[PDB]
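Okay, here we've got a single chain as structure tokens, the form deposited in one PDB entry, with questions on binding and movement later.
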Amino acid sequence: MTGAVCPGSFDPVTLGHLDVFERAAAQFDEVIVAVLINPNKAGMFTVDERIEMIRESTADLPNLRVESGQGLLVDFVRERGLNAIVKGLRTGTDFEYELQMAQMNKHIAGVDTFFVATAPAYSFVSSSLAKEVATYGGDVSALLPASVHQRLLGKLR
């Protein structure tokens, strides 16, 4: 039984995220996408909206499921019988930040972290920049799943 948790805000999920989901699900028996609820910074979409968008985008991934996440990530992972985190990286600076989190998580709970490199096409894509561009009328449709873009237009009106 191999498996990993894929944590993030996914506010909203982008094609960069989806590519990582697919690639994780291709190699692990089970993937759990954890949608992290931050009571301090409530973004654009509610946690349930985010989960709904990820489920529509990952309909063809039967070994991937989506749940809301709260509290300490390594607790979330271990309570579900798993011992691994998986995440995508775009830049060296991403790696620096995530290496520090990864080493902390392994230190405090023995949970390991696996990274994959971004697909070239999505190296500049992020939820925050996509939202910003869309807010000022820019076309981010090629960067988001179809379901997401429609929902995004709805929020902006």
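Rigid core (definition): largest C-alpha set, two forms, superposition within 1.5 Å. Heads up: residue numbers just count along the shown sequence, starting at 1. Residues that one form lacks are left out of the comparison.
One more form of this protein exists, namely the form deposited in another entry; it is left out here, but the text below deals with it.
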property: Of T91, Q103, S68, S128, the one whose Cα moves 2 Å or more between the shown form and the other one after core superposition; result: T91
property: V125 and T91, C-alpha gap in the other form relative to this structure (3 Å or more); result: closer
property: Cα separation of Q103 and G92 in the other form versus here, shift of 3 Å or more; result: farther
property: Consecutive stretches, 3 or more residues long, displaced between the shown form and the other one (C-alpha shift of at least 2 Å once the core is aligned); result: 39 to 41, 91 to 95
